[PDB]
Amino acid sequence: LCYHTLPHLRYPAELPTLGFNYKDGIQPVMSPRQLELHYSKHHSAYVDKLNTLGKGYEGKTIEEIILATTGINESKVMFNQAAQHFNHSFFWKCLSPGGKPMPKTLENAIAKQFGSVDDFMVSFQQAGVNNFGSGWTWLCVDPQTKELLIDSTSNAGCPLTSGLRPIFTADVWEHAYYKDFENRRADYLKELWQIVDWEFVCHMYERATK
């Protein structure tokens, strides 16, 4: 009985149903093959591995597994699969072919924190570029202060392990962009905005700041 970022995301794990047709990629940014690799190979493997480890978590959220395994050395393998499952699921919810325009509520909140949407985007791209190795770049709500914050994590790291509430993420594991952008992570992050589902981000913002 507490807030979850994705309360519908539960164990036994399942690859999530995408808001759109997989075979089309996520135009204009991600090709069909880039999405197929990422979703049908990478994400699918985390779902499959997690299902060999999570006995006892039936009916519970994936976030509950993350929170029960975080910082525990003997549980690193399960933590990594559960967090990656959650991280990818959340990522797909953040995206849509051609994007969705940012509602006024969200625009105001982003400008109130960062000065403008443009200044937030510049800062967000920079944090993603600078995230050494594999990981994720996040926009989160701090529920105590109501601040919006950019946070980067390494590998399977997830800001909800520190009590932050994600509202947007960009995967910056090299596999997220290597098929279409090769080494060009900066270009990937700049182009990614064209496919962000800002309606989902705004929905997350409203519930996270309540």
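Don't overthink the numbering: it's just position in the shown sequence, from 1.
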query: Mean temperature factor over C-alpha atoms, higher-scoring stretch between 129-137 and 106-114; finding: 106-114
query: Mean C-alpha B-factor comparison - 138-146 and 170-178, higher one; finding: 138-146
query: Third assignment of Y39 from its chain's C-alpha B-factors; finding: middle
query: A208 - which third its CA temperature factor falls in, relative to the rest of the chain; finding: middle
query: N155 - which third its CA temperature factor falls in, relative to the rest of the chain; finding: lowest
query: Chain third (lowest, middle, highest) by recorded CA B-factor, residue given as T61; finding: middle
query: Chain-relative CA temperature factor third for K93; finding: middle
